[PDB]
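Visitor: Mind having a look at this structure? Questions to follow.
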Amino acid sequence: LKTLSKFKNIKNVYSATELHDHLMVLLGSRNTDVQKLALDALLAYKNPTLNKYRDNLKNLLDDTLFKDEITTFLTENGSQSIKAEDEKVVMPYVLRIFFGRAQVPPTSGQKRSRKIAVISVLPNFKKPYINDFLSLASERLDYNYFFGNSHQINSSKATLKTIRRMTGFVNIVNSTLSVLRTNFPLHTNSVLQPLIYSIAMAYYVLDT
Amino acid sequence: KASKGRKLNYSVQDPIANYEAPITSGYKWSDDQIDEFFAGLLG
Amino acid sequence: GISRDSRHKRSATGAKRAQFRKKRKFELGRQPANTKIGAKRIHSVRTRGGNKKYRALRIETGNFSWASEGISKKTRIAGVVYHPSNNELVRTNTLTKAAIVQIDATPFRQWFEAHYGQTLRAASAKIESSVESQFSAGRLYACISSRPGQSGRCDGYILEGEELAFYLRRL
Amino acid sequence: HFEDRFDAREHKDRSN
Amino acid sequence: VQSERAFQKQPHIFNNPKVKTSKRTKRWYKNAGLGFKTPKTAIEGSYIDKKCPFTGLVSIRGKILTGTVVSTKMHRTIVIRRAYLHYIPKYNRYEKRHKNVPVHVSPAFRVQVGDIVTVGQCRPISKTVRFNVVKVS
Amino acid sequence: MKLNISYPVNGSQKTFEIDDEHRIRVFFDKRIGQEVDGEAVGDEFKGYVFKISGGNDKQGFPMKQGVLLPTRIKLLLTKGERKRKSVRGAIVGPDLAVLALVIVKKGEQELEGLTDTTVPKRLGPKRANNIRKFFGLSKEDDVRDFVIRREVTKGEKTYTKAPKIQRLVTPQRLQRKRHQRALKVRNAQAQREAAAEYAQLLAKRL
Amino acid sequence: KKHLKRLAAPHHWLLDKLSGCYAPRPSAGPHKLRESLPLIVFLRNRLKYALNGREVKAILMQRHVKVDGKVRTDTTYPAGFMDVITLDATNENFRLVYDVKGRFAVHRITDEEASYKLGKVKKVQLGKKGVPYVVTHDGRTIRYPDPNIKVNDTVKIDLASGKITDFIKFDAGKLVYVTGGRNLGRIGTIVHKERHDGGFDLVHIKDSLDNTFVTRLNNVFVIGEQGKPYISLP
Amino acid sequence: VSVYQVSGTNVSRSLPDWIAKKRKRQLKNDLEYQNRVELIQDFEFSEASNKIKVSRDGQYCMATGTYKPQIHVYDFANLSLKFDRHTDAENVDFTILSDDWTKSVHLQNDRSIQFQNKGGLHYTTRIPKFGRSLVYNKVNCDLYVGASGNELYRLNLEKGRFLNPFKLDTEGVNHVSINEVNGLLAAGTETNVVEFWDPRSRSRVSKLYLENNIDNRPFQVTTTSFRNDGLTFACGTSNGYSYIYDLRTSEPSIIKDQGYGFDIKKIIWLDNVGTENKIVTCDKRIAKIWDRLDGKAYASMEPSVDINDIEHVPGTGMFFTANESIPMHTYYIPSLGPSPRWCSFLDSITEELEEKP
RNA sequence: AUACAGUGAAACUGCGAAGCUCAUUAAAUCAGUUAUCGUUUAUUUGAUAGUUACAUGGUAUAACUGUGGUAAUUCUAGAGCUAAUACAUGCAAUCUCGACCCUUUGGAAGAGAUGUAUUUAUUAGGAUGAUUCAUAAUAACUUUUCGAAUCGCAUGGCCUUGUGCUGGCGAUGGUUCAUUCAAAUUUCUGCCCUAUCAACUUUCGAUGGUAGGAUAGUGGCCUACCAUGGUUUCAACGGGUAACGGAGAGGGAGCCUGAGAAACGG
């Protein structure tokens with residue numbers, strides 16, 4: 001992935017859009033290094049709005065400057081904050097990066113504070129993009145078939161790996177609910193039906 | 001009030017006596033030629 | 001050069017004492033650390049023993065507590081508005097304990113809206129009128145209760161009630 | 001004020 | 001009470017404006033011990049004094065002395081006078097002497113010039129003050 | 001004047017004295033780290049590129065980086081304690097007794113004393129992962145069989161010496177970790193027991 | 001300072017003044033310097049088992065001496081009041097007690113007596129995680145104490161496990177050992193405790209001969225009930 | 001125009017310097033670290049710098065620090081810190097009276113004037129009220145100290161005596177300056193007035209009331225500067241507006257808005273450099289070089305860190321700028337003038353320099 | 001001893017480096033004592049931390065090899081190596097309320113709960129005479145600390161024969177508390193003549209209050225405002241003395257280490 005950054009023009013590669021979509025995911029990867037290489041390749045795509053805020057996105061990917069960067073970069077009405085015209089292009093790249101930090105396990109006191117900071121910047125964000133965080137959390141959860149059918153659980157989906165994924169999802173929602181509380185945006189697709197979907201597994205699992 | 005130097009003292013402080021010597025040359029412009037600008041300073 | 005020894009002072013009777021001995025290191029003093037608003041700048045000071053102290057030379061951030069609702073948030077420090085000891089520290093925007101400063105209302109306002117679902121249940125949402133006016137302005141009066149020059153922190157709390165009214169009268 | 005301090009001279013024999 | 005540039009308050013004592021249970025501000029007080037009754041004007045008072053033996057952050061420990069008030073002109077402190085008869089062996093006779101002691105007095109006590117005050121040792125309040133008035137008579 | 005040229009790929013180095021002043025002139029006014037063409041130096045050095053690394057003057061005081069002067073200055077340096085010592089500037093000039101050069105790239109002709117000769121590494125890897133990197137060993141492969149050995153002959157006696165592998169996984173380390181974990185568990189067990197008897201004593205008293 | 005003159009040594013070791021130029025300085029340990037008995041003086045100038053400090057050092061490296069059930073190899077280890085010195089190679093157990101003269105007297109004891117010691121409770125307080133504990137006169141921190149134990153009480157400690165088997169409250173009629181003042185080493189029953197708050201509390205003690213004396217509370221060590229001491233007395 | 005930053009931090013404004021020092025150990029392999037050249041050794045304060053001045057000889061420079069409050073003196077000949085001397089309190093302003101660095105005056109923030117000689121601190125005096133500016137009068141050798149109160153303090157070094165103090169109509173003196181040709185003293189008030197005084201006698205000459213039609217907000221005179229011609233006079237306001245006045249007429253000839261609305265911390269007249277008609281007006285974030293006659297901006301110098309003080313080495317293109325950063329910043333504008341003799345071969349490495357626009 | 005294994009120069013780490021000569025000073029030296037709930041504290045002693053891993057990197061170099069400059073030093077530059085208790089990084093449990101009262105030790109559905117260090121705010125509050133003391137909880141903060149990638153000796157108990165699981169005695173480290181070694185302030189007392197020494201002190205704080213700065217810390221120790229105070233004919237202040245009856249390391253200024261120094265070190 002460090003070669004893909006070195007491509008002189010990543011745009012004119014055979015499959016740039018699909019590559020961008022996979023780079024889109026690797027930016028959301030838990031491992032902060034994978035995000036760095038992913039962001040570097042995402043920037044081989046020349047885009048002026050990304051170029052303006054280049055240093056800030058690194059300050060986020062860097063662990064030491066992560067806390068200071070959030071208070072300056074993502075605080076609403078901040079002098080250095082993103083301009084309204086550039087929110088649509090930049091703040092998507094914001095979405096995965098903090099998603100990756102939330103994925104980082106809270107195994108240390110520093111990491112626990114890092115997780116809290118990741119959820120505490122949600123109120124700065126306007127509601128449609130807060131839903132986008134909740135959608136990203138629920139994307140891994142495969143729930144369409146459950147509600148598509150007569151609310152029946154597939155045996156293949158019932159696995160230890162799958163339960164871990166709902167556990168991560170529900171924990172993120174609980175932290176978001178603690179922060180946003182009444183201002184929390186509630187949507188059927190993004191949060192409610194994955195939430196109900198997770199509970200159906202726990203009942204299907206605990207019996208089966 | 002005199003304590004802490006909050007009031008002014010005009011007495012002789014020895015250490016700074018003769019810390020320098022005046023420059024006898026003076027200002028570049030001449031004494032009378034200085035006087036006249038100040039009278040006309042700012043109209 | 002700074003010493004806290006009492007030998008240099010005059011006796012209770014008013015006699016001028018002679019210098020008993022030269023200044024010692026167990027009786028030393030250091031200078032004030034004039035903390036001022038700006039990008040965070042802190043210096044470590046090795047004190048006697050294995051103990052160490054933080055020196056806040058510059059700081060623009062602080063963890064301030066709304067005690068009424070019992071929360072604490074990290075917020076920017078706008079500037080010093082009033083200090084009871086000396087007004088020069090106010091003019092120079094020097095940060096010290098008991099100094100009255102101006103702190104951003106954004107995190108407190110967001111927390112209030114999220115908890116109570118009301119722009120800044122209803123009975124609990126009611127708070128003092130003066131602090132409502134402060135949020136409407138967008139900037140809160142706060143008192144620094146932490147000590148920047150020893151701990152390196154400028155934590156504090158929002159003024160409220162009698163203390164708030166007293167300081168508004170002083171302002 | 002009572003000092004309450006042991007004194008060696010009092011205990012030691014002074015017969016000589 | 002609020003006659004100073006700073007706001008006078010008892011540290012770590014919080015009165016919650018929202019709750020507003022009681023009109024009176026919450027007041028912290030302690031008994032200094034030694035059978036010294038804490039006066040009610042301190043319990044139900046409104047003064048703020050960090051050096052008060054009943055409401056301040058000062059503890060009475062050590063020698064407990066008695067004296068006669070000779071000066072009460074300065075703020076929250078007084079000067080008392082203690083007299084004794086010193087023995088001179090060379091002529092085997094006593095001579096009177098006296099010593100003047102500055103003592104802190106809390107506003108909970110009202111002291112004039114001439115009364116008898118019992119005072120307690122405490123940490124150094126100022127350059128010369130190390131006592132605190134704890135009983136007036 | 002003299003040139004100490006080093007070829008780091010071979011690790012070789014050699015000294016070359018010039019009598020003619022044109023060569024010394026062609027390096028005049030350059031700076032440490034700047035590159036010079038070998039053809040201007042001479043036909044033997046044709047095609048070579050030389051990076052300036054430093055040097056010493058007629059008085060022996062060395063060249064230092066960061067000082068952009070042609071003359072000496074007394075600069076406050078370190079060997080916490082700082083001493084002011086004379087150091088010669090970083091710009092090549094006629095006052096330099098010896099210049100050190102590094103061969104960045106090789107020319108058409110081969111130098112007799114640098115390119116044609118080699119010097120081996122003095123020591124080999126000692127840490128286990130360093131050995132794995134040196135031999136590209138897979139995780140299953142054991143470093144023990146690939147430890148580099150040096151032969152030593154004293155008189156008629158001969159024997160091989162190998163370094164002590166550091167950070168090698170051994171049964172002792174596993175035993176020691178297990179012992180520490182068991183000690184922690186046992187301490188917690190003793191503590192919960194003590195708390196239990198204290199609770200029972202309080203129940204008896206109450 | 002690191003050197004102690006023999007004449008400048010406090011009084012209680014019974015050391016002759018003219019033996020040498022210097023005396024052993026007690027090292028840091030459970031007891032204060034001015035009421036401690038370093039193992040060198042106990043082994044050489046009281047028991048005479050050793051003739052010189054080097055012989056004492058050989059004895060301690062042999063690990064034959066145990067203080068409170070633990071082997072000590074420091075020559076100047078500060079043994080003190082209510083310390084058990086066990087010598088297994090020769091089968092002796094000794095308890096260190098002041099005599100009426102005020103010197104430490106070498107008192108032989110049984111193995112059951114050796115197995116335990118008595119400690120005056122100097123402080124009782126709650127530690128971290130809300131764990132109560134007690135600090136005794138020898139600096140021993142014992143956790144989860146019996147709630148009734150308070151300051152000035154005496155706790156009977158088992159050396160092997162370092163736990164509290166029993167305790168004695170400080171009250172009138174209790175048997176008491178004096179550890180300071182002129183009455184050091186005297187034994188008697190409490191009569192009345194006179195309290196000065198903010199000052200040194202005073203205790204009146206009556207001996208078996210009906211003689212009465214007053215001593216500061218800091219020099220008071222409860223050792224048992226009248227006629228039933230918990231330790232063998234000299 | 002090309003502006004070069006010879007020395008100073010080259011990181012993003014958000015990134016603090018102390019982190020770069022942590023990155024220093026990691027980056028040592030990078031070739032750029034070896035190639036970077038420092039002009040003066042230890043030309044840095046542990047946290048920040050307050051003010052910078054050069055000796056008249058041009059052999060020597062002096063600076064002050066935040067912690068430990070120290071007075072560095074740098075020798076240009078050997079490109080090193082001559083020495084570091086610690087002071088009891090943070091320093092507000094200082095002056096160098098002696099041609100060399102030997103003798104200096106420092107107004108500290110604890111209301112103290114400290115005289116420092118070659119050997120060390122000579123003597124300390126306390127003025128009645130806190131001081132904000134300090135200047136020497138060379139003909140009379142009287143030290144004139146602005147004060148928070150209306151009266152302006154005096155200290156005559158010759159007699160060594162504190163003489164009678166000026167009484168000013170308005171309270172608060174921000175900056176005081178003297179004209180070498182005329183000797184006129186201009187005092188920069190808190191209110192929108194600049195007080196002009198006669199040095200020889202004890203008499204007021206006139207008031208100038210600054211007026212700005214663009215903004216109705218109150219503004220304070222932050223700095224005052226005299227040109228060597230003896231006629232033109234420059235004023236800095238708290239609103240970021242610099243006024244150039246011909247002293248003979250009341251009206252302002254040119255008004256320049258720096259655009260950021262910060263206080264003007266200094267004004268330096270660029271006569272010696274050549275093309276006499278240029279001026280620097282220094283704000284917290286930018287010091288702009290522009291022509292006194294046309295008002296056109298010539299060069300703009302925007303550091304990554306806030307500026308506290310700026311200074312121009314006479315006869316050269318060096319600008320020394322006291323900042324909040326660990327490394328103090330040095331700037332070079334080749335077009336304005338030649339590099340100093342001591343930066344003799346700085347011209348050689350111009351292509352290697354950062355080349356900020 | 002096919003990783004090495006004994007001894008072991010050099011080098012990197014760890015610990016410790018804390019007599020003389022001048023001057024002279026009246027209870028400001030010193031001696032006794034009290035308090036530190038106002039304090040730092042190496043070390044000793046005892047307690048105290050369940051919250052890629054069959055073991056990470058050079059992001060590393062010394063010693064060492066080799067090339068040279070210099071009149072020259074515990075003067076030097078270039079090139080090439082290799083290690084850590086040096087330097088950075090870092091990882092499927094327990095306890096409660098407990099229905100079913102199923103069996104009446106007992107199991108047990110489910111509901112729950114679960115580091116430490118700094119700072120701030122708030123709530124509750126066994127110890128002492130006395131506390132805002134101990135301790136616990138909540139909400140946040142931190143250039144968020146710490147929570148064994150270390151070493152020697154021995155090779156036991158098991159079996160699920162894999163070198164599979166499970167292990168004995170020590171050393172070196174680490175958080176907090178207490179203890180000890182000290183230190184710093186600190187209460188009261190302590191034999192010269194003295195008025196031919198009667199006022200002294202605010203004389204760049206003198207007496208006290210409030211707030212801040214410094215400080216292991218209290219404290220005019222320092223700083224901003226405020227009141228004119230404080231000792232004294234009961235001898236303040238000053239003077240003399242058989243008051244040998246405390247200072248520096250060529251001279252003044254500034255700084256660095258350490259638990260402890262303004263160091264006989266730099």
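Residues in the structure tokens are numbered from 1 in each chain, the chains being A, B, ... in the order shown, and ligands are numbered from 1 in the order shown.
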Counting only C-alpha atoms, a student should be able to say which residues of chain C come within 9 Å of chain H; what is the right answer, written as a list in words?

Guide: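 Going by the stated atoms only, the list reads residues 1, 2, 30, 31, 32, 33, 34, 39, 40, 41, 42, 43, 55, 57 and 88 of chain C.
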
Visitor: Pull N, CA and C atoms from the residues just selected and write them as a short mmCIF file (atom, residue, chain, number, x, y, z; two decimals), in the first residue's frame.

Guide:
data_model
loop_
_atom_site.label_atom_id
_atom_site.label_comp_id
_atom_site.auth_asym_id
_atom_site.auth_seq_id
_atom_site.Cartn_x
_atom_site.Cartn_y
_atom_site.Cartn_z
N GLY C 1 18.97 34.04 43.32
CA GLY C 1 18.86 35.35 43.92
C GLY C 1 17.66 35.49 44.83
N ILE C 2 16.59 34.77 44.49
CA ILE C 2 15.36 34.81 45.28
C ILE C 2 15.51 33.89 46.48
N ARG C 30 12.26 30.69 43.79
CA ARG C 30 12.25 30.83 42.34
C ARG C 30 11.25 31.91 41.94
N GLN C 31 11.30 32.28 40.66
CA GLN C 31 10.55 33.44 40.20
C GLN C 31 9.11 33.06 39.88
N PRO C 32 8.19 34.02 39.82
CA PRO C 32 6.84 33.72 39.31
C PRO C 32 6.88 33.24 37.87
N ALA C 33 6.03 32.27 37.55
CA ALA C 33 5.84 31.81 36.18
C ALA C 33 4.60 32.52 35.63
N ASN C 34 4.82 33.55 34.82
CA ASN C 34 3.74 34.40 34.32
C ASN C 34 3.05 33.69 33.16
N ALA C 39 -0.69 29.18 22.77
CA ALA C 39 -0.40 27.77 22.53
C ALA C 39 0.30 27.17 23.75
N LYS C 40 -0.10 25.95 24.10
CA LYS C 40 0.37 25.34 25.35
C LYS C 40 1.89 25.26 25.37
N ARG C 41 2.47 25.76 26.46
CA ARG C 41 3.91 25.76 26.67
C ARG C 41 4.17 25.53 28.15
N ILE C 42 4.76 24.37 28.47
CA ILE C 42 4.98 23.94 29.84
C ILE C 42 6.43 23.48 29.98
N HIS C 43 7.04 23.78 31.12
CA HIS C 43 8.43 23.42 31.41
C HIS C 43 8.50 22.68 32.74
N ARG C 55 5.64 23.85 35.01
CA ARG C 55 5.56 25.30 34.86
C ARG C 55 4.76 25.62 33.61
N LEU C 57 4.04 28.11 31.26
CA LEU C 57 4.41 29.41 30.72
C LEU C 57 3.32 29.97 29.83
N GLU C 88 -2.87 44.72 36.83
CA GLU C 88 -1.88 44.57 35.76
C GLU C 88 -1.91 43.16 35.20
#

Visitor: Report as CSV: every residue of chain C with an atom at most 7 Å from chain E, its closest pair of atoms, and their distance in Å to one decimal, counting only C-alpha atoms, with rows sorted by chain and ascending residue number.

Guide:
residue,atom,partner,partner_atom,distance
C:68,CA,E:16,CA,6.1
C:84,CA,E:5,CA,4.8
C:127,CA,E:18,CA,6.6
C:161,CA,E:17,CA,6.0
C:163,CA,E:7,CA,6.4

Visitor: Mind listing as number ranges by chain which residues of chain E are within 8 Å of chain I, counting only C-alpha atoms (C1' of nucleotides)?

Guide: E: 4-6, 11-12, 14, 30-35, 57, 59-63, 74-77, 96-98, 121, 123-127

Visitor: Please produce a file of the residues just selected, as a compact mmCIF listing (two decimals), in the first residue's frame, where the atoms kept are N, CA, C and O atoms.

Guide:
# COMPACT_ATOMS: atom_id res chain seq x y z
N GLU E 4 -13.69 42.82 50.32
CA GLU E 4 -12.38 42.67 49.70
C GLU E 4 -12.54 42.49 48.19
O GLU E 4 -13.63 42.23 47.68
N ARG E 5 -11.42 42.65 47.49
CA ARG E 5 -11.44 42.52 46.03
C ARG E 5 -11.83 41.10 45.62
O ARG E 5 -12.57 40.91 44.65
N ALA E 6 -11.33 40.10 46.34
CA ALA E 6 -11.69 38.71 46.09
C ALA E 6 -12.96 38.35 46.86
O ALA E 6 -13.37 39.04 47.80
N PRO E 11 -13.31 27.35 51.89
CA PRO E 11 -12.88 26.44 50.81
C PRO E 11 -13.52 25.07 50.95
O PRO E 11 -13.68 24.55 52.06
N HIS E 12 -13.89 24.49 49.81
CA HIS E 12 -14.46 23.14 49.68
C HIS E 12 -15.90 23.07 50.19
O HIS E 12 -16.47 21.97 50.25
N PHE E 14 -19.72 24.00 49.38
CA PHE E 14 -20.50 24.30 48.19
C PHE E 14 -21.96 24.53 48.56
O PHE E 14 -22.56 23.70 49.25
N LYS E 30 -16.04 23.65 63.32
CA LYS E 30 -15.49 22.57 64.13
C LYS E 30 -15.30 23.07 65.56
O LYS E 30 -15.27 24.27 65.82
N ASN E 31 -15.16 22.12 66.48
CA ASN E 31 -14.83 22.41 67.86
C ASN E 31 -13.32 22.26 68.06
O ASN E 31 -12.73 21.26 67.63
N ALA E 32 -12.70 23.26 68.68
CA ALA E 32 -11.26 23.25 68.86
C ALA E 32 -10.80 22.27 69.93
O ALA E 32 -9.60 22.00 70.03
N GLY E 33 -11.72 21.74 70.74
CA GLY E 33 -11.36 20.83 71.80
C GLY E 33 -10.98 21.56 73.07
O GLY E 33 -11.27 22.74 73.28
N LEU E 34 -10.30 20.82 73.96
CA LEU E 34 -9.84 21.34 75.24
C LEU E 34 -11.00 21.83 76.10
O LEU E 34 -10.84 22.68 76.98
N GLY E 35 -12.20 21.29 75.87
CA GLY E 35 -13.37 21.77 76.57
C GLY E 35 -13.72 23.20 76.26
O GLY E 35 -14.45 23.83 77.03
N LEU E 57 -8.89 27.12 58.72
CA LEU E 57 -7.99 25.97 58.55
C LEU E 57 -6.79 26.08 59.48
O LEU E 57 -5.63 26.04 59.05
N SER E 59 -5.39 24.73 63.50
CA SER E 59 -5.58 23.79 64.60
C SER E 59 -4.84 24.29 65.83
O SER E 59 -3.71 24.79 65.74
N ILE E 60 -5.48 24.16 66.99
CA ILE E 60 -4.89 24.57 68.26
C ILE E 60 -4.14 23.37 68.83
O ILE E 60 -4.74 22.33 69.11
N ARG E 61 -2.83 23.53 69.02
CA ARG E 61 -2.02 22.48 69.61
C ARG E 61 -0.79 23.12 70.24
O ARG E 61 -0.23 24.08 69.70
N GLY E 62 -0.38 22.57 71.37
CA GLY E 62 0.75 23.08 72.11
C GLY E 62 0.34 23.80 73.38
O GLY E 62 -0.65 23.48 74.04
N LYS E 63 1.14 24.81 73.73
CA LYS E 63 0.91 25.56 74.96
C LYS E 63 -0.39 26.35 74.88
O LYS E 63 -0.73 26.92 73.85
N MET E 74 -5.47 46.83 65.60
CA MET E 74 -5.27 46.26 64.28
C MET E 74 -6.37 45.25 63.96
O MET E 74 -7.16 44.85 64.83
N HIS E 75 -6.41 44.83 62.70
CA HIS E 75 -7.52 44.04 62.19
C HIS E 75 -7.32 42.56 62.52
O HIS E 75 -6.32 41.96 62.12
N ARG E 76 -8.28 41.99 63.25
CA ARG E 76 -8.37 40.56 63.55
C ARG E 76 -7.19 40.03 64.35
O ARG E 76 -7.03 38.81 64.47
N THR E 77 -6.35 40.90 64.90
CA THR E 77 -5.29 40.49 65.81
C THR E 77 -5.20 41.52 66.93
O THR E 77 -5.61 42.67 66.77
N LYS E 96 9.66 41.97 88.92
CA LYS E 96 8.56 41.87 87.97
C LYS E 96 9.07 42.08 86.55
O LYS E 96 9.89 42.97 86.30
N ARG E 97 8.60 41.24 85.62
CA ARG E 97 8.78 41.53 84.20
C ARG E 97 7.49 41.24 83.47
O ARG E 97 6.55 40.65 84.02
N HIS E 98 7.46 41.62 82.20
CA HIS E 98 6.32 41.39 81.34
C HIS E 98 6.79 41.12 79.92
O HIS E 98 7.90 41.50 79.53
N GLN E 121 -1.73 27.84 71.17
CA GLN E 121 -0.68 27.78 70.16
C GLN E 121 -1.21 27.16 68.87
O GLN E 121 -2.03 26.25 68.90
N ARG E 123 -0.15 27.14 64.19
CA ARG E 123 0.89 27.34 63.19
C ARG E 123 1.12 28.84 62.98
O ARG E 123 0.26 29.66 63.30
N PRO E 124 2.29 29.23 62.44
CA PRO E 124 2.59 30.66 62.34
C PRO E 124 1.65 31.38 61.39
O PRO E 124 1.72 31.21 60.17
N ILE E 125 0.76 32.20 61.96
CA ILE E 125 -0.22 32.92 61.15
C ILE E 125 0.46 34.04 60.36
O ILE E 125 0.13 34.28 59.19
N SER E 126 1.40 34.73 60.98
CA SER E 126 2.08 35.86 60.36
C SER E 126 3.51 35.89 60.87
O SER E 126 4.02 34.91 61.43
N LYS E 127 4.19 37.03 60.69
CA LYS E 127 5.59 37.14 61.09
C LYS E 127 5.75 36.93 62.59
O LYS E 127 6.69 36.25 63.02

Visitor: What separation in Å, quoted to one decimal, exists between atom CA of residue 143 of chain F and atom CA of residue 131 of chain F?

Guide: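 Between atom CA of residue 143 of chain F and atom CA of residue 131 of chain F the gap is 6.6 Å.
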
Visitor: Which residues of chain I come within 10 Å of chain A, and for each one, what is the closest pair of atoms and their distance in Å to one decimal, counting only C-alpha atoms (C1' of nucleotides), sorted by chain and residue number, as a Markdown table?

Guide:
| residue | atom | partner | partner_atom | distance |
| --- | --- | --- | --- | --- |
| I:51 | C1' | A:107 | CA | 8.8 |
| I:91 | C1' | A:107 | CA | 9.5 |
| I:115 | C1' | A:109 | CA | 9.4 |
| I:143 | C1' | A:64 | CA | 8.8 |
| I:144 | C1' | A:110 | CA | 7.0 |

Visitor: Go ahead and save the picked residues with N, CA, C and O atoms (P, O5', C5', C4', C3', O3' and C1' of nucleotides), as a PDB file, in the first residue's frame.

Guide:
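File produced: out.pdb:
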ATOM      1  P     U I  51      -3.822  -7.198  36.053  1.00  0.00           P
ATOM      2  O5'   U I  51      -4.989  -7.065  34.977  1.00  0.00           O
ATOM      3  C5'   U I  51      -5.138  -5.879  34.203  1.00  0.00           C
ATOM      4  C4'   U I  51      -6.532  -5.754  33.640  1.00  0.00           C
ATOM      5  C3'   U I  51      -6.887  -4.375  33.090  1.00  0.00           C
ATOM      6  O3'   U I  51      -7.794  -4.518  31.997  1.00  0.00           O
ATOM      7  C1'   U I  51      -8.346  -4.913  34.870  1.00  0.00           C
ATOM      8  P     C I  91      -0.200  -3.419  24.373  1.00  0.00           P
ATOM      9  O5'   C I  91      -0.029  -5.002  24.439  1.00  0.00           O
ATOM     10  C5'   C I  91      -0.206  -5.801  23.274  1.00  0.00           C
ATOM     11  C4'   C I  91      -0.570  -7.225  23.619  1.00  0.00           C
ATOM     12  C3'   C I  91      -1.746  -7.385  24.582  1.00  0.00           C
ATOM     13  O3'   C I  91      -2.481  -8.560  24.241  1.00  0.00           O
ATOM     14  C1'   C I  91       0.177  -8.392  25.512  1.00  0.00           C
ATOM     15  P     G I 115     -12.875  -0.726  38.075  1.00  0.00           P
ATOM     16  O5'   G I 115     -11.788  -0.060  39.030  1.00  0.00           O
ATOM     17  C5'   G I 115     -10.640   0.578  38.494  1.00  0.00           C
ATOM     18  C4'   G I 115      -9.375   0.049  39.122  1.00  0.00           C
ATOM     19  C3'   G I 115      -8.437   1.097  39.703  1.00  0.00           C
ATOM     20  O3'   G I 115      -8.811   1.490  41.012  1.00  0.00           O
ATOM     21  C1'   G I 115      -7.206  -0.407  38.354  1.00  0.00           C
ATOM     22  P     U I 143      -0.200  18.195  30.444  1.00  0.00           P
ATOM     23  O5'   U I 143       0.684  17.346  29.423  1.00  0.00           O
ATOM     24  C5'   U I 143       0.079  16.550  28.409  1.00  0.00           C
ATOM     25  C4'   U I 143       1.107  15.781  27.617  1.00  0.00           C
ATOM     26  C3'   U I 143       2.161  15.065  28.457  1.00  0.00           C
ATOM     27  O3'   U I 143       2.567  13.870  27.790  1.00  0.00           O
ATOM     28  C1'   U I 143       3.211  16.673  27.075  1.00  0.00           C
ATOM     29  P     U I 144       1.848  12.475  28.134  1.00  0.00           P
ATOM     30  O5'   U I 144       0.378  12.903  28.576  1.00  0.00           O
ATOM     31  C5'   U I 144      -0.614  11.926  28.859  1.00  0.00           C
ATOM     32  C4'   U I 144      -0.732  11.683  30.342  1.00  0.00           C
ATOM     33  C3'   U I 144      -0.447  10.264  30.811  1.00  0.00           C
ATOM     34  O3'   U I 144       0.940  10.007  30.944  1.00  0.00           O
ATOM     35  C1'   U I 144      -2.426  11.067  31.840  1.00  0.00           C
TER      36        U I 144
END

Visitor: Applying 8 Å and only C-alpha atoms (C1' of nucleotides), which residues near residue 81 of chain F remain after dropping the ones on its own chain fewer than 2 positions away? List them as a list in words.

Guide: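 In the requested form, the answer reads residues 78 and 83 of chain F; 266 of chain I.
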
Visitor: One number please: atom CA of residue 123 of chain G to atom CA of residue 135 of chain G, in Å, one decimal.

Guide: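 Distance reported for this atom pair: 5.0 Å.
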
Visitor: I'd like the contact shell of residue 8 of chain C - 9 Å cut-off, only C-alpha atoms (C1' of nucleotides), skipping same-chain residues fewer than 2 positions apart - returned as a ChimeraX atom specification.

Guide: /C:5-6,10,16-20
